[PDB]
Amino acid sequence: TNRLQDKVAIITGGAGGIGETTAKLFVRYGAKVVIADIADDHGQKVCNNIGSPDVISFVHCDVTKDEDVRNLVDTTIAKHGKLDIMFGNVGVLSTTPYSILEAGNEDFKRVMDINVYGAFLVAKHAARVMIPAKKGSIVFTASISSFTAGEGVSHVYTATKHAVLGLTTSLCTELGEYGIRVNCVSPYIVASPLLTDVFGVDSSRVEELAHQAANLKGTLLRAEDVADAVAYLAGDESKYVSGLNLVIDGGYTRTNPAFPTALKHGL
C-alpha cells in the first residue's frame, strides 16, 4: 500500500544519490515531496522524472545559507499546507588529503558549513513549523563515522558527521518534549553510477570493494537500503523511537580483524 500516506516531506539533498531513491520511495509510499538542492539541472531532472509536481517539486537551496533554508520551508507550507517530515541528508567530504599535517585549514570551514552548521538551519526551519503542530520526525543522515573512524576519512568529516549526532541527541531533548522525533540514519559505502576523478573510483569497482570488506557477504548496500531506514524513522512506525542512529553497516563497525586476520590459524 502507500504506507506514509498523507505526509509532506522535504529532502535537503535529493538530486544526487541517496536523496532521490529516498524521494521516489516516499512518493511511492504516498507522500508529497519537495526535493531541494543547489544542483539545479539534476534536482529537477529527478523531480521531472519520478512523478508529476503536485507530488514532486524542486527548490534551489544552499544550506550554507539562512535566507535559503527560510525559503524552502516557507514555500512547502505554501505548496502543501504543512511539514510532517524533514529528511536532512546534505553532505560533503574533503577536497584536501587526510593527514593532519598536510591536509589544510579552510576545507574545515567550508565542510563544517555544509555538514554541521548547515544541518542546523534545516532543523531550525523545520522545528519552527513542526512545533506549531506538535507533530514530526526530523531525520538527518550521518555516516558510520558518526560512531567511529578510518585511515581514509578526513578528521573534518569524522568531526562534522559526529556532531550531526550532536544536534540529534540534543535537538532530541527538546524537540521531543513536543512529540516531535529527532533521529538520524548512518550508512556505509553506497552510490556508484560508475564514478572517477582520480581512478580507483570508477564505481562498481567501489561496490565490489564494499563486499570483500563488509561483515555481510550475501548482499550489497544501495540507496533503497538507506531509504528503508528512512521511511521507518519517517512518520509511521517511528512513533516512539526518537532514540536512534540507525547504523547500517551490515554489522561492520563492531569488529577489527587486524588481530584475527593476522591470528588466523594453520599454514
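Numbers for residues come from their place in the sequence shown, where the first is 1.
In this entry, 257-265 has the higher mean Cα B-factor, the comparison being between 257-265 and 1-9. Mean C-alpha B-factor is higher over 151-159 than over the other stretch, the pair under comparison being 83-91 and 151-159. Per the PDB record, 171 has a higher Cα B-factor than any other of 189, 171, 165, 144. Residues shown: 32, 70, 45, 217. Highest C-alpha temperature factor in the entry: 45. In the deposited entry, the Cα temperature factor of residue 211 sits in the top third of values across the chain's modelled residues. Among all modelled residues in this chain, the alpha-carbon of residue 184 has a temperature factor (C-alpha) in the lowest third.
Residue 229 sits in the lowest third of its chain by CA B factor, as recorded in the PDB entry. In the deposited entry, the Cα temperature factor of residue 60 sits in the bottom third of values across the chain's modelled residues. Annotation for residue 223: C-alpha temperature factor in the middle third relative to the rest of the modelled chain, per the entry.
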